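Following: one structure in structure tokens, then a few remarks.
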Amino acid sequence: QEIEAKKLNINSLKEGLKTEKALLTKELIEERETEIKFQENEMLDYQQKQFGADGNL
Amino acid sequence: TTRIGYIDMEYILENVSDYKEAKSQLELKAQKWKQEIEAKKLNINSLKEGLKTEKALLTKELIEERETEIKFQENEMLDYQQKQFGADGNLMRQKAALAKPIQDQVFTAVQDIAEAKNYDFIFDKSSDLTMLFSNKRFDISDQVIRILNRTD
Amino acid sequence: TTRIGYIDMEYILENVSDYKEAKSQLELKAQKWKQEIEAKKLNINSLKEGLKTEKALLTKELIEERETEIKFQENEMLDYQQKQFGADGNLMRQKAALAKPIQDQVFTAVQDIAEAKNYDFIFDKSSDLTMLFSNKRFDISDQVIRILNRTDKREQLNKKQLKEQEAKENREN
Amino acid sequence: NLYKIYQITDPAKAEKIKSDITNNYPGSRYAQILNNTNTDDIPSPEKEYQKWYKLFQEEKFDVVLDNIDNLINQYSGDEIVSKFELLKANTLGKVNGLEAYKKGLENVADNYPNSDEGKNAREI
């Protein structure tokens, strides 16, 4: 459930970026994409901590 | 009249050599490779989403080349995964190179001990799932360890 | 003290001719399935090339129908491939079912041997790596193979032989 | 279509009609596909749209303004004009603001409701 909440947040961020991908310049798009990538990496770290080969499972 | 002993393969491996540190380093490298595979999967998914977003503006010709590029990336990730984590190669080959000479030496020492002392069965307790209880008196691992240490 | 015997299931399966022949026939069937998959691939590629060659002369509707037909053919090929060679497909299920009668016969023979010779435990040496060193004196695999061959090459006794057997076995009363 | 039908059955009339198409009435695409000459004939998407898309990508919205302004009517008569209108709307939105983008999207939806570009306009 926690991972699903994180996925919902990441999908909301992706949709928010998508709804303005055809309006703003390239620098804002790149910054938002880097933020999305950072969020996805945080999700991957959380998944590896919880369900990973060593820890919390 | 039936003589039974047992060995602990993990205990012998840890005692004779620095197996634990090398195994931990290999595990860290394998985890790094797995994270790289996950990053490649994320990049592929992002490329697929970007292609899906832009389809009307395309001529179906750049769509074809983008699909071929996505397929090439997927195949590259798949072959990288097979090379690193195949049943033979770069993880299994590394683990084999780590633990095979000592395993063969332990097997030879066990056979020599069995022939000399007329053992009937020598069990491997290293699985820890079978062989739940062992008397620890029918334990020949110190002999195996001393035979291994005798060889330089 | 306990008496321990053991078999080697891989060795027994290697020394059964009918099992090897059935495995070879299964491999031949798998090769035929692979050839059928290749034929499906050839048809799919021919359809794709035909669509590509005359893609300019077709309307949007016709292009859509041709693309849907190609996608249907590709999905059918994928379904056939997964059904025949999947992890639980026809090939794997048929491979797993080949040794079941041999396993039944081996189990019965092992029960009978352990009853005859006072064995307390009979292990399958090839099931796992727990058995590191096993003395060959306690390997009953060759006895099981002899039993399996004996039942495979059974022969019905003649009327004279049957009468002699009845007379011999009826001598107790 | 008669050429294809006669190619499947009775190829003599197929060859006759193929020669008729090739020599009497050389089509834009039909003539050079019947004899399989080449892709030399300039297509709508390949021309002034696959490189116009490059201009759109490379952040060059000054020349492409008038380019789309005269190419929206220069290349009328094919489904490409819907993509041209969509590109014009996207450029106008990127250089003017949200209202221009909305006006372009609704104009594209009105002009070509029965197209993939029309569905794109409706969804966005």
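Chains as they are written, first to last, in the deposited numbering: chain C, 58 to 114; chain E, 24 to 175; chain G, 24 to 196; chain I, 623 to 746.
Think of the CB as a built atom: it goes at the ideal place given N, C-alpha and C, for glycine as much as any other residue.
Exercise for the section: Taking only beta-carbon positions, decide if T82(E) is within less than 7 Å of chain I. Expected result: By the rule that beta-carbons nearer than 7 Å mark a contact, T82(E) touches chain I.
Exercise for the section: Closer than 9 Å by beta-carbon distance: list the chain I residues that pair up with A79(C), in chain order. Expected result: Ordered by position in chain I, the residues that pass the 9 Å Cβ test against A79(C) are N712, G715, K716, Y723, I746.
Exercise for the section: Examine chain C for any beta-carbon lying closer than 7 Å to the beta-carbon of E61(E), and answer yes or no. Expected result: For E61(E), the closest Cβ of chain C is nearer than 7 Å.
Exercise for the section: Locate the alpha helix (DSSP H) running through residue 14(G), then write down its first and last residues. Expected result: Outside the displayed span of chain G (24 to 196) sits residue 14(G), for which this structure offers no information.
Exercise for the section: Starting from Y103(C), follow the alpha helix (DSSP H) in both directions and report where the run begins and ends. Expected result: Looking at the DSSP string, the run of the alpha helix (DSSP H) that includes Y103(C) is 83-107.
Practice task
Establish whether the CB of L65(C) and some CB of chain E are separated by less than 7 Å.
Solution key: Not closer than 7 Å to any Cβ of chain E, the Cβ of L65(C) fails to qualify, so no.
Exercise for the section: Would you kindly work out how many angstroms separate the C-alpha atoms of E739(I) and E87(C), rounded to a whole number? Expected result: Cα to Cα, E739(I) sits roughly 26 Å from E87(C).
Problem - DSSP-derived helix/strand/coil call for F156(E) - result: In the structure shown, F156(E) adopts coil according to DSSP, grouped into three states.
Problem - Residue range of the beta strand (DSSP E) that includes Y29(E) - result: Unbroken beta strand (DSSP E) run through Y29(E): 27-30.
Problem - Same chain, Cβ closer than 6 Å to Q629(I), neighbours up to 5 away in sequence not counted - result: Counting only Cβ-Cβ distances below 6 Å, and skipping sequence neighbours, we find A636.
Practice task
Reducing DSSP to helix, strand and coil, say where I163(G) ends up.
Solution key: Secondary structure at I163(G): coil, using DSSP grouped into helix, strand and coil.
Handout entry: is_contact[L85(G), chain E] using C-beta, thresh 7 Å
Key = Not closer than 7 Å to any Cβ of chain E, the Cβ of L85(G) fails to qualify, so no.
Practice task
State buried or exposed for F706(I), treating a residue as buried only when at least 16 other CB atoms are found within 10 Å of its CB.
Solution key: Result: buried.
Handout entry: Backbone secondary structure at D41(G) - three-state DSSP
Key = The three-state reading of DSSP puts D41(G) in helix, counting H, G and I together.
Handout entry: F706(I): first and last residue of the uninterrupted alpha helix (DSSP H) it sits in
Key = For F706(I), the uninterrupted alpha helix (DSSP H) segment begins and ends at 702-717.
Problem - Three-pair Cβ contact test at 8 Å for the segment 146-153 of chain E versus the segment 140-156 of chain G - result: Using a C-beta cut-off of 8 Å, the segment 146-153 of chain E makes contact with the segment 140-156 of chain G, since at least three inter-stretch Cβ pairs fall below that distance.
Exercise for the section: Name, please, each residue of chain C whose Cβ falls closer than 8 Å to the Cβ of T76(E). Expected result: Proximity of chain C to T76(E) at the Cβ level (cut-off 8 Å) is accounted for by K75, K78, in chain order.
Problem - Residue(s) in a DSSP beta bridge with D147(E) - result: Under the DSSP definition of a beta bridge, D147(E) partners with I30(E).
Practice task
Indicate whether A653(I) and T644(I) have their beta-carbon atoms separated by less than 7 Å.
Solution key: Yes, the Cβ-Cβ distance between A653(I) and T644(I) is below 7 Å.
Handout entry: DSSP-derived helix/strand/coil call for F678(I)
Key = In the structure shown, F678(I) sits in a helix (DSSP, three-state: H, G or I).
Practice task
Classify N712(I) as buried or exposed, calling it buried when 16 or more other Cβ atoms lie within 10 Å of its own Cβ.
Solution key: Buried.
Handout entry: Partners in chain G for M154(E), counting only beta-carbon separations shorter than 9 Å
Key = Correct list: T153.
Practice task
Have a look at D684(I) and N68(G) and give me their C-alpha separation to the nearest angstrom.
Solution key: Those two C-alpha atoms are separated by around 45 Å.
Handout entry: Short-range partners of chain G found in the segment 653-665 of chain I, where Cβ spacing is below 7 Å
Key = Those would be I655, in chain order.
Handout entry: Alpha carbon of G715(I) to alpha carbon of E721(I), nearest angstrom
Key = Distance from the CA atom of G715(I) to the CA atom of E721(I), rounded to whole angstroms, is 7 Å.
Problem - Nearest candidate by alpha-carbon position, reference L101(E), set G73(E), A132(E), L80(E), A62(E) - result: Here the closest residue by C-alpha is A62(E).
Handout entry: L51(G) versus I168(G) - alpha carbon distance
Key = The straight-line gap separating the alpha-carbon atoms of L51(G) and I168(G) is approximately 26 Å.
Handout entry: Helix, strand or coil at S69(E) [DSSP, three-state]
Key = It is helical.
Problem - Own chain partners of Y734(I) with C-beta closer than 6 Å, once the 5 adjacent residues on each side are dropped - result: Excluding sequence neighbours, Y734(I) sits near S704, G740.
Exercise for the section: Give me the Cα-Cα distance between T82(E) and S650(I), rounded to the nearest whole angstrom. Expected result: Going by the C-alpha atoms only, they are around 19 Å apart.
Problem - Alpha carbon of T76(C) to alpha carbon of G719(I), nearest angstrom - result: The alpha-carbon of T76(C) is positioned some 14 Å away from that of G719(I).
Problem - First and last residue of the uninterrupted alpha helix (DSSP H) at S641(I) - result: Start and end: 633-645.
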